[PDB]
$ cat query.txt   # compact mmCIF, C-alpha atoms and all ligand atoms
# COMPACT_ATOMS: atom_id res chain seq x y z
CA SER A 1 -7.11 13.70 17.73
CA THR A 2 -8.01 12.38 14.30
CA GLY A 3 -6.97 12.87 10.70
CA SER A 4 -8.67 12.26 7.35
CA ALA A 5 -7.12 12.55 3.87
CA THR A 6 -8.27 11.66 0.37
CA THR A 7 -6.12 9.18 -1.54
CA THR A 8 -6.17 9.30 -5.37
CA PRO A 9 -5.12 6.72 -7.99
CA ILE A 10 -1.96 7.81 -9.85
CA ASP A 11 -3.24 6.56 -13.23
CA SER A 12 -6.15 4.92 -15.04
CA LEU A 13 -5.15 1.45 -13.79
CA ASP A 14 -4.95 2.18 -10.04
CA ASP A 15 -1.24 1.25 -10.12
CA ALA A 16 -0.84 3.07 -6.83
CA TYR A 17 -2.51 5.76 -4.74
CA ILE A 18 -1.15 9.13 -3.59
CA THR A 19 -2.19 11.09 -0.54
CA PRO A 20 -1.14 14.70 0.18
CA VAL A 21 1.15 15.18 3.19
CA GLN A 22 2.30 18.47 4.71
CA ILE A 23 5.93 18.55 5.79
CA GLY A 24 7.79 21.38 7.47
CA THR A 25 7.14 25.01 8.34
CA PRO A 26 5.81 26.64 6.23
CA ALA A 27 4.16 23.51 4.90
CA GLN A 28 5.60 21.77 1.87
CA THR A 29 2.93 19.46 0.41
CA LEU A 30 4.14 16.24 -1.17
CA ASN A 31 2.03 13.43 -2.61
CA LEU A 32 3.08 10.24 -0.88
CA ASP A 33 2.34 6.57 -1.43
CA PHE A 34 0.92 5.26 1.88
CA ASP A 35 2.47 1.82 2.22
CA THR A 36 1.31 -0.67 4.87
CA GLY A 37 4.08 -2.98 3.62
CA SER A 38 7.00 -0.80 4.73
CA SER A 39 8.02 1.49 7.57
CA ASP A 40 10.03 4.43 6.19
CA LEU A 41 8.67 7.88 5.40
CA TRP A 42 10.98 9.04 2.65
CA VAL A 43 10.79 11.84 0.13
CA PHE A 44 12.33 13.24 -3.00
CA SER A 45 14.26 16.29 -1.87
CA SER A 46 16.70 19.07 -2.66
CA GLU A 47 19.39 16.48 -1.87
CA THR A 48 18.28 13.96 -4.50
CA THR A 49 20.73 13.54 -7.39
CA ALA A 50 19.40 15.97 -10.00
CA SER A 51 19.39 13.48 -12.88
CA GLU A 52 17.17 11.18 -10.76
CA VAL A 53 14.42 13.78 -10.35
CA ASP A 54 11.92 14.04 -13.24
CA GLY A 55 8.80 15.99 -12.27
CA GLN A 56 8.42 15.05 -8.61
CA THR A 57 7.77 17.67 -5.97
CA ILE A 58 10.76 17.87 -3.63
CA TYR A 59 11.14 18.57 0.08
CA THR A 60 13.71 21.28 0.79
CA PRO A 61 14.61 21.04 4.48
CA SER A 62 16.71 24.22 4.41
CA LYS A 63 13.44 26.14 3.83
CA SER A 64 11.72 24.57 6.83
CA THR A 65 12.23 26.36 10.14
CA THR A 66 11.31 23.21 12.08
CA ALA A 67 13.64 20.85 10.21
CA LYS A 68 16.62 19.44 12.11
CA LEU A 69 19.27 17.15 10.64
CA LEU A 70 19.33 13.88 12.55
CA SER A 71 23.07 13.68 13.08
CA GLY A 72 24.78 10.65 11.59
CA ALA A 73 21.53 9.01 10.53
CA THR A 74 21.20 7.32 7.15
CA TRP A 75 18.66 5.05 5.49
CA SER A 76 18.54 2.63 2.59
CA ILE A 77 15.66 0.47 1.49
CA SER A 78 14.98 -2.08 -1.24
CA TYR A 79 11.45 -3.11 -2.17
CA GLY A 80 10.02 -6.40 -3.36
CA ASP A 81 9.93 -5.16 -6.96
CA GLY A 82 13.67 -4.42 -6.97
CA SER A 83 13.36 -0.65 -6.60
CA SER A 84 15.41 1.20 -3.99
CA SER A 85 16.30 4.57 -2.47
CA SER A 86 18.62 5.91 0.22
CA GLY A 87 19.83 9.07 1.91
CA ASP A 88 19.96 11.02 5.16
CA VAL A 89 17.38 12.00 7.78
CA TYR A 90 15.71 15.07 9.23
CA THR A 91 13.10 15.45 11.91
CA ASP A 92 10.26 17.81 11.05
CA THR A 93 6.57 18.46 11.50
CA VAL A 94 4.38 16.18 9.40
CA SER A 95 0.59 16.51 9.02
CA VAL A 96 -1.88 14.21 7.29
CA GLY A 97 -5.42 15.40 6.84
CA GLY A 98 -5.36 17.59 9.94
CA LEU A 99 -3.38 15.22 12.19
CA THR A 100 0.01 16.57 13.19
CA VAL A 101 3.16 14.84 14.44
CA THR A 102 6.16 16.90 15.57
CA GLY A 103 9.64 15.39 15.42
CA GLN A 104 8.73 12.87 12.72
CA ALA A 105 11.69 11.28 10.95
CA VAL A 106 11.59 12.45 7.33
CA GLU A 107 14.03 10.46 5.28
CA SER A 108 15.47 12.60 2.50
CA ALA A 109 16.56 10.74 -0.62
CA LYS A 110 20.04 11.31 -2.01
CA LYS A 111 19.54 8.44 -4.47
CA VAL A 112 16.51 6.74 -5.98
CA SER A 113 16.26 3.90 -8.48
CA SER A 114 15.02 4.36 -12.02
CA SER A 115 11.46 3.24 -11.40
CA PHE A 116 10.97 6.07 -8.87
CA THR A 117 12.49 8.67 -11.19
CA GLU A 118 10.25 7.46 -14.02
CA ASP A 119 7.11 7.97 -11.92
CA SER A 120 6.55 11.72 -11.68
CA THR A 121 3.38 11.27 -9.62
CA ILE A 122 4.91 9.80 -6.46
CA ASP A 123 6.95 12.18 -4.31
CA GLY A 124 7.85 9.51 -1.75
CA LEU A 125 6.45 6.83 0.55
CA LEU A 126 4.80 6.95 3.96
CA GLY A 127 5.27 3.60 5.66
CA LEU A 128 2.50 2.17 7.86
CA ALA A 129 3.88 -1.28 8.70
CA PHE A 130 5.53 -1.86 12.07
CA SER A 131 8.44 0.31 13.17
CA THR A 132 10.67 -2.74 13.55
CA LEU A 133 11.11 -2.62 9.73
CA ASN A 134 12.35 0.98 9.69
CA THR A 135 15.74 1.16 7.98
CA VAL A 136 17.23 4.22 9.69
CA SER A 137 20.70 3.56 11.04
CA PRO A 138 22.23 3.63 13.63
CA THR A 139 19.04 4.63 15.49
CA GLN A 140 15.81 3.13 14.16
CA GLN A 141 12.94 5.61 13.78
CA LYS A 142 9.19 5.33 14.32
CA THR A 143 6.46 5.51 11.66
CA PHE A 144 4.00 8.38 11.46
CA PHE A 145 1.28 6.11 12.88
CA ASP A 146 3.40 4.96 15.82
CA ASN A 147 4.26 8.56 16.65
CA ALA A 148 0.60 9.67 16.44
CA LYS A 149 -0.90 6.62 18.13
CA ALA A 150 -1.07 7.83 21.71
CA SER A 151 -2.73 11.11 20.70
CA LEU A 152 -5.40 9.47 18.56
CA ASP A 153 -8.97 9.05 19.80
CA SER A 154 -8.53 5.33 19.06
CA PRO A 155 -5.21 3.65 18.07
CA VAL A 156 -6.29 2.77 14.52
CA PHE A 157 -6.11 3.83 10.92
CA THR A 158 -8.37 2.80 8.07
CA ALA A 159 -7.84 2.32 4.34
CA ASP A 160 -10.75 2.82 1.97
CA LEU A 161 -9.24 2.66 -1.51
CA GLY A 162 -11.35 3.44 -4.55
CA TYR A 163 -11.75 1.51 -7.79
CA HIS A 164 -10.79 3.98 -10.52
CA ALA A 165 -11.78 6.68 -8.03
CA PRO A 166 -10.59 8.53 -4.93
CA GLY A 167 -10.78 7.00 -1.48
CA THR A 168 -9.84 7.83 2.09
CA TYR A 169 -7.22 7.19 4.79
CA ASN A 170 -8.54 7.95 8.27
CA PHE A 171 -6.49 8.08 11.48
CA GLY A 172 -7.93 7.71 14.95
CA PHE A 173 -11.53 6.79 14.15
CA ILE A 174 -13.77 4.36 12.24
CA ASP A 175 -16.27 6.01 9.86
CA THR A 176 -19.29 3.80 10.35
CA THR A 177 -20.91 5.30 7.24
CA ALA A 178 -18.05 4.07 5.03
CA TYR A 179 -18.96 0.35 4.91
CA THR A 180 -21.91 -2.02 4.81
CA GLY A 181 -22.68 -4.75 7.33
CA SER A 182 -20.13 -5.35 10.08
CA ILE A 183 -16.35 -5.31 10.34
CA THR A 184 -14.87 -8.77 10.87
CA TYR A 185 -11.64 -8.71 12.80
CA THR A 186 -8.90 -11.27 12.40
CA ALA A 187 -5.60 -11.98 14.15
CA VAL A 188 -2.32 -10.35 13.13
CA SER A 189 1.24 -11.60 13.47
CA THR A 190 3.82 -8.84 13.69
CA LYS A 191 6.74 -11.28 13.74
CA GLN A 192 7.95 -10.16 10.28
CA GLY A 193 7.03 -6.51 10.82
CA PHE A 194 3.98 -6.69 8.53
CA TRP A 195 0.21 -6.64 8.93
CA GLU A 196 0.25 -10.42 8.46
CA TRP A 197 -2.97 -12.42 8.75
CA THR A 198 -4.59 -15.65 7.57
CA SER A 199 -7.47 -15.70 5.11
CA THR A 200 -9.89 -18.58 5.54
CA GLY A 201 -10.20 -19.39 1.83
CA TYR A 202 -11.52 -18.31 -1.54
CA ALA A 203 -14.04 -18.67 -4.33
CA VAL A 204 -13.87 -17.97 -8.05
CA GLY A 205 -16.92 -16.30 -9.54
CA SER A 206 -20.08 -18.11 -8.45
CA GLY A 207 -18.14 -21.24 -7.55
CA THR A 208 -18.16 -22.91 -4.17
CA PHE A 209 -15.98 -21.59 -1.39
CA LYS A 210 -12.77 -23.50 -0.70
CA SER A 211 -11.85 -23.47 2.97
CA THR A 212 -8.06 -23.24 3.19
CA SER A 213 -5.65 -21.12 5.22
CA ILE A 214 -3.82 -18.46 3.24
CA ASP A 215 -1.18 -16.52 5.20
CA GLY A 216 -0.40 -13.12 3.72
CA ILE A 217 0.06 -9.41 4.29
CA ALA A 218 -2.28 -6.48 3.89
CA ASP A 219 -0.13 -4.23 1.70
CA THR A 220 -1.45 -0.94 0.33
CA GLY A 221 1.88 -0.38 -1.44
CA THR A 222 1.52 -3.39 -3.72
CA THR A 223 -0.78 -3.04 -6.74
CA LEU A 224 -1.85 -6.65 -7.24
CA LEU A 225 -3.15 -9.70 -5.39
CA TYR A 226 -0.41 -12.32 -5.06
CA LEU A 227 -1.61 -15.78 -4.00
CA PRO A 228 -0.44 -19.41 -4.13
CA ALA A 229 -0.06 -20.93 -7.59
CA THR A 230 -2.87 -23.44 -7.02
CA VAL A 231 -5.32 -20.64 -6.23
CA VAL A 232 -4.23 -18.44 -9.10
CA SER A 233 -4.42 -21.35 -11.55
CA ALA A 234 -7.97 -22.06 -10.39
CA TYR A 235 -8.93 -18.44 -11.05
CA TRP A 236 -7.46 -18.04 -14.53
CA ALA A 237 -8.76 -21.44 -15.62
CA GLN A 238 -12.21 -19.80 -15.66
CA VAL A 239 -11.09 -17.23 -18.23
CA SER A 240 -11.02 -18.49 -21.83
CA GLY A 241 -7.61 -17.95 -23.38
CA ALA A 242 -5.86 -16.93 -20.18
CA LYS A 243 -2.34 -18.27 -19.69
CA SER A 244 0.83 -17.64 -17.75
CA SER A 245 3.33 -15.90 -20.00
CA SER A 246 6.98 -16.27 -19.15
CA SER A 247 7.98 -13.35 -21.38
CA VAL A 248 5.40 -11.02 -19.85
CA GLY A 249 6.03 -12.38 -16.33
CA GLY A 250 2.59 -13.49 -15.26
CA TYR A 251 -0.92 -14.37 -16.28
CA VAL A 252 -2.37 -12.55 -19.23
CA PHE A 253 -5.82 -12.81 -20.77
CA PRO A 254 -7.69 -11.66 -23.87
CA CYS A 255 -8.74 -8.04 -23.45
CA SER A 256 -12.15 -9.08 -24.81
CA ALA A 257 -12.83 -11.27 -21.73
CA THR A 258 -15.32 -10.62 -18.99
CA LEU A 259 -13.54 -11.59 -15.80
CA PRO A 260 -15.11 -13.54 -12.91
CA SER A 261 -15.08 -12.13 -9.41
CA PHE A 262 -12.75 -13.46 -6.74
CA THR A 263 -13.88 -13.90 -3.15
CA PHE A 264 -11.58 -14.14 -0.13
CA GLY A 265 -12.48 -15.22 3.41
CA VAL A 266 -11.97 -13.22 6.58
CA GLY A 267 -13.10 -15.53 9.32
CA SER A 268 -16.67 -16.47 8.41
CA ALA A 269 -17.05 -13.28 6.35
CA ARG A 270 -16.45 -12.89 2.62
CA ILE A 271 -15.01 -10.02 0.59
CA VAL A 272 -15.91 -10.05 -3.11
CA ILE A 273 -13.50 -8.54 -5.62
CA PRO A 274 -15.49 -7.72 -8.78
CA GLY A 275 -13.99 -9.10 -12.00
CA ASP A 276 -13.37 -5.62 -13.42
CA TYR A 277 -10.91 -4.94 -10.55
CA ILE A 278 -8.70 -7.75 -11.88
CA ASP A 279 -8.23 -6.14 -15.34
CA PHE A 280 -4.94 -4.20 -15.64
CA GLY A 281 -5.21 -3.43 -19.33
CA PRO A 282 -3.07 -4.09 -22.37
CA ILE A 283 0.40 -5.52 -21.74
CA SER A 284 1.76 -2.89 -24.13
CA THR A 285 0.06 -0.02 -25.91
CA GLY A 286 -2.35 -1.32 -28.53
CA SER A 287 -2.08 -4.99 -27.51
CA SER A 288 -5.21 -7.18 -27.21
CA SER A 289 -3.53 -9.18 -24.44
CA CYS A 290 -4.26 -7.82 -20.96
CA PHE A 291 -2.40 -8.21 -17.72
CA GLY A 292 -4.10 -10.00 -14.84
CA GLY A 293 -4.59 -8.52 -11.38
CA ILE A 294 -4.23 -11.86 -9.58
CA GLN A 295 -0.74 -13.34 -9.89
CA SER A 296 1.28 -16.16 -8.32
CA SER A 297 3.22 -15.50 -5.14
CA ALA A 298 5.53 -18.42 -5.87
CA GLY A 299 9.05 -17.07 -5.63
CA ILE A 300 7.98 -13.98 -3.65
CA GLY A 301 7.98 -16.05 -0.48
CA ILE A 302 4.80 -14.51 0.90
CA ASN A 303 1.22 -13.94 -0.22
CA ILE A 304 0.27 -10.29 -0.67
CA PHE A 305 -3.21 -8.84 -0.33
CA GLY A 306 -2.41 -5.70 -2.33
CA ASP A 307 -4.65 -2.97 -3.70
CA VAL A 308 -6.70 -5.34 -5.91
CA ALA A 309 -7.95 -7.04 -2.75
CA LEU A 310 -7.91 -4.11 -0.33
CA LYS A 311 -9.91 -1.78 -2.56
CA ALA A 312 -12.83 -4.23 -2.41
CA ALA A 313 -13.02 -3.60 1.35
CA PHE A 314 -13.03 -1.10 4.14
CA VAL A 315 -9.92 -2.10 6.05
CA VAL A 316 -9.13 -1.36 9.71
CA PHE A 317 -5.53 -1.44 10.83
CA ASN A 318 -5.95 -1.76 14.60
CA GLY A 319 -2.80 -0.75 16.44
CA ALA A 320 -3.97 -1.75 19.87
CA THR A 321 -1.48 -3.48 22.17
CA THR A 322 -2.41 -6.69 20.37
CA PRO A 323 -2.86 -5.53 16.77
CA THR A 324 -5.66 -6.92 14.58
CA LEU A 325 -7.08 -6.30 11.09
CA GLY A 326 -10.70 -5.61 10.26
CA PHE A 327 -12.46 -6.06 6.94
CA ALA A 328 -15.91 -4.94 5.85
CA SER A 329 -17.69 -4.90 2.55
CA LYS A 330 -18.59 -1.48 1.18
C1 LIG A 401 -0.15 -3.82 -12.88
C2 LIG A 401 1.02 -4.45 -13.59
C3 LIG A 401 0.98 -4.37 -15.10
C4 LIG A 401 -0.04 -3.68 -15.75
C5 LIG A 401 -0.11 -3.64 -17.13
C6 LIG A 401 0.84 -4.28 -17.90
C7 LIG A 401 1.88 -4.99 -17.29
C8 LIG A 401 2.87 -5.71 -18.04
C9 LIG A 401 3.80 -6.42 -17.38
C10 LIG A 401 4.84 -7.31 -18.07
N1 LIG A 401 5.89 -6.53 -18.71
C11 LIG A 401 7.26 -7.03 -18.49
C12 LIG A 401 7.67 -8.28 -19.15
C13 LIG A 401 8.22 -6.98 -19.61
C14 LIG A 401 3.90 -6.47 -15.93
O1 LIG A 401 4.74 -7.12 -15.31
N2 LIG A 401 2.96 -5.75 -15.27
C15 LIG A 401 1.95 -5.02 -15.88

$ encode --input "query.txt" --output "structure tokens"
Amino acid sequence: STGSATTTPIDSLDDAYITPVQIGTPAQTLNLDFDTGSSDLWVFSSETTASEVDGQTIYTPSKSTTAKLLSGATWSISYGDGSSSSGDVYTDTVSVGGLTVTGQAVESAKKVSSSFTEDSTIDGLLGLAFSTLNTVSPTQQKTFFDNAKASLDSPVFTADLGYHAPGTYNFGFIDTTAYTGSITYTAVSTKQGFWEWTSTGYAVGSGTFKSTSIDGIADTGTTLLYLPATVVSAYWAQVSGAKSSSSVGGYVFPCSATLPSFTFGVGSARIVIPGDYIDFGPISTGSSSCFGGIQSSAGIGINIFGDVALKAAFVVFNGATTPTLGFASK
């Protein structure tokens, strides 16, 4: 089997991407944030505290004839940005772009933190990291990808995120028309439950490539590119007037600037992030100071190749017995 679904930016900045997911019988379609940095499929639901729902589409398991309460099971997750959610668990039928899994754990939120409430466009998350990170207790549950894997034509999924435009998540096959040149594969460590790999270095604009190992995670659920302070300093030094602002909480730059590209290494290959991808717009409405799309990972504890980086590439998440990651230009 295979599946293919379009993923759409939630706003004009590409803060995140939503992909439609069918849950239950008859289908209830929710727009979920596919997140390769976590491993829970959770949704706003009829069980979510009413004051914490503001415009989201909810899953109502009582209206699904295939829903079954997973007895005694609960979940609770906290994300890098300090947001959180928690609740109970059902199993139900879940389909993405024509690919169907029966008995998928669907984690129904009883509580969500303010940032989720305040974002009416995201109805939940679909985790695509490794199932070892799944928070369901007392019996850990598998991700949608892990459940589908054996049925897929090939044990892979691909992320092709757009810049200010729709893109595609494919399951079970590699669309060879979706990228240029070849896919370069690189080793993955699953020891922390993430798609963790090591970039071979970077360049800023037309500058020379610096060969240096940068360990980090391929994370579709993080907006920005988080890298070591030395690297980030080298980037923003090429932008007149750019500076790290303590009050804003990162590097900002004059909105009148033309940003340089940023290149990252994948083995001997090179992925080029155009400068425009690094512009995240005014820090506040009407401001002429703009927020940067490359920020320091210092104090996160890990480097994160988020959407800013991933959207510059066609990315293969290879779930073979020994997982690997593939990158191609596009
Ligand atoms: C993509 C992220 C993003 C985009 C656009 C603007 C901002 C602004 C801030 C800083 N505001 C905090 C200090 C009160 C931020 O942290 N992330 C932004």

$ closest_atom_pairs --input "query.txt" --of "chain A" --to "ligand LIG 401 (chain A)" --cutoff "12 Å" --atoms "all atoms listed in the file" --output "CSV"
residue,atom,partner,partner_atom,distance
A:11,CA,A:LIG401,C1,10.8
A:12,CA,A:LIG401,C4,10.6
A:13,CA,A:LIG401,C1,7.3
A:14,CA,A:LIG401,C1,8.2
A:15,CA,A:LIG401,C1,5.9
A:16,CA,A:LIG401,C1,9.2
A:81,CA,A:LIG401,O1,10.0
A:222,CA,A:LIG401,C1,9.3
A:223,CA,A:LIG401,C1,6.2
A:224,CA,A:LIG401,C1,6.5
A:225,CA,A:LIG401,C1,10.0
A:226,CA,A:LIG401,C1,11.6
A:244,CA,A:LIG401,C10,11.1
A:245,CA,A:LIG401,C12,8.8
A:246,CA,A:LIG401,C12,8.0
A:247,CA,A:LIG401,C12,5.5
A:248,CA,A:LIG401,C12,3.6
A:249,CA,A:LIG401,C12,5.2
A:250,CA,A:LIG401,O1,6.7
A:251,CA,A:LIG401,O1,9.2
A:252,CA,A:LIG401,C8,8.7
A:253,CA,A:LIG401,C6,11.2
A:255,CA,A:LIG401,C5,11.6
A:277,CA,A:LIG401,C1,11.1
A:278,CA,A:LIG401,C1,9.5
A:279,CA,A:LIG401,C4,8.6
A:280,CA,A:LIG401,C4,4.9
A:281,CA,A:LIG401,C5,5.6
A:282,CA,A:LIG401,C6,5.9
A:283,CA,A:LIG401,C6,4.1
A:284,CA,A:LIG401,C6,6.4
A:285,CA,A:LIG401,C6,9.1
A:286,CA,A:LIG401,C6,11.5
A:287,CA,A:LIG401,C6,10.1
A:288,CA,A:LIG401,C6,11.5
A:289,CA,A:LIG401,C6,9.3
A:290,CA,A:LIG401,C6,6.9
A:291,CA,A:LIG401,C6,5.1
A:292,CA,A:LIG401,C4,7.6
A:293,CA,A:LIG401,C1,6.6
A:294,CA,A:LIG401,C1,9.6
A:295,CA,A:LIG401,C2,9.8
A:296,CA,A:LIG401,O1,11.9
A:306,CA,A:LIG401,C1,11.0
A:307,CA,A:LIG401,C1,10.3
A:308,CA,A:LIG401,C1,9.7

$ atom_distance --input "query.txt" --atom1 "CA of residue 24 in chain A" --atom2 "CA of residue 64 in chain A"
5.1 Å

$ atom_distance --input "query.txt" --atom1 "CA of residue 1 in chain A" --atom2 "CA of residue 37 in chain A"
24.5 Å

$ closest_residue --input "query.txt" --among "A:22, A:78, A:208, A:104" --to "residue 38 in chain A" --atoms "all atoms listed in the file"
A:78

$ closest_residue --input "query.txt" --among "A:2, A:297, A:86, A:137" --to "residue 72 in chain A" --atoms "all atoms listed in the file"
A:137

$ atom_distance --input "query.txt" --atom1 "CA of residue 267 in chain A" --atom2 "CA of residue 185 in chain A"
7.8 Å

$ closest_residue --input "query.txt" --among "A:298, A:77, A:152, A:242" --to "residue 113 in chain A" --atoms "all atoms listed in the file"
A:77

$ closest_residue --input "query.txt" --among "A:199, A:158, A:322, A:65" --to "residue 93 in chain A" --atoms "all atoms listed in the file"
A:65
